[PDB]
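Form deposited in one PDB entry, single chain, as structure tokens, below.
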């Protein structure tokens, strides 16, 4: 799966999909994120990039992670688990499957805990001002949550109307297979084309979702959804391509 090289090989201009994913949200500013897989290992600071060019496109790549803080020369484990990376050609996102968290009583002591969250969503953000003037685009891809990367994402953008809607299907937990209700393409603060909208389950609003448009020709979409459940918000990574 190219996990070791992703962690240790230099960016190669010849590598496919998105070559480099900037870990901004994945590594907190005063922390370190150590990734391991396949007998390789790399520690990342905020703003370092993961060599996604080594990873397979349209798949979840999995790494053990140890979220760390360096104090007085010592690396103290804050959290550990699985680090997931989904790669497209113009975008990619990361997710954390927490499995352990530093014990509230003795530092150096870990406790078992499972939580799932999206980290970064980045790549070649499409400029709102450079969007196609008309026509539509259909995006087909993946929806992935905790213990489940088997979801189907379908998404349609009408560029003339600057509106998008779509559907999530086949996640094992039934209440995650939500509709991504029609929402407007709007410019970011950086004028990136983004979509923020409601999620529907049986036509009832059950959370929200946000996608960015990626690629110079709006080739891809990526972001996440939040689905309200009796156990809290569940997070679902979203990525699709024309």
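Positions refer to the first chain, counted from 1.
Judged by mean Cα B factor in the deposited record, 1 to 9 ranks above the other of 1 to 9 and 232 to 240.
Averaged over their C-alpha atoms, the temperature factors of 121 to 129 and 83 to 91 are higher for 121 to 129.
For the set 166, 141, 134, 145, the PDB entry puts the maximum C-alpha B factor at 134. Considering 34, 190, 206, 62 together, the PDB entry gives 190 the largest C-alpha B factor. Sorting the modelled residues of the chain by their CA temperature factor places residue 154 in the lowest third. Annotation for residue 213: CA B-factor lies in the lowest third of the chain's modelled residues. Ranked by C-alpha B-factor against the other modelled residues of its chain, residue 38 falls in the highest third. Compared with the other modelled residues of the chain, the Cα B-factor recorded for residue 184 ranks in the highest third. The entry lists a Cα temperature factor for residue 195 that places it in the middle third of the chain's modelled residues.
The form deposited with a partner chain bound exists for this protein as well; it is not shown, and the discussion that follows is about that form.
Of the listed positions (89, 115, 77, 127), a single one reaches within 4.5 angstroms of its partner chain by any non-hydrogen atom in the entry with it bound, namely 115. Taking 28, 59, 192, 217 one by one, only a single residue has any non-hydrogen atom within 4.5 Å of its partner chain in the entry with it bound, and it is 28.
A residue is said to contact a partner when one of its heavy atoms sits within 4.5 Å of a partner heavy atom; residue 241 fails this definition for its partner chain in the entry with it bound, lying far away. Contact check for residue 232: a heavy atom falls within 4.5 Å of its partner chain in the entry with it bound.
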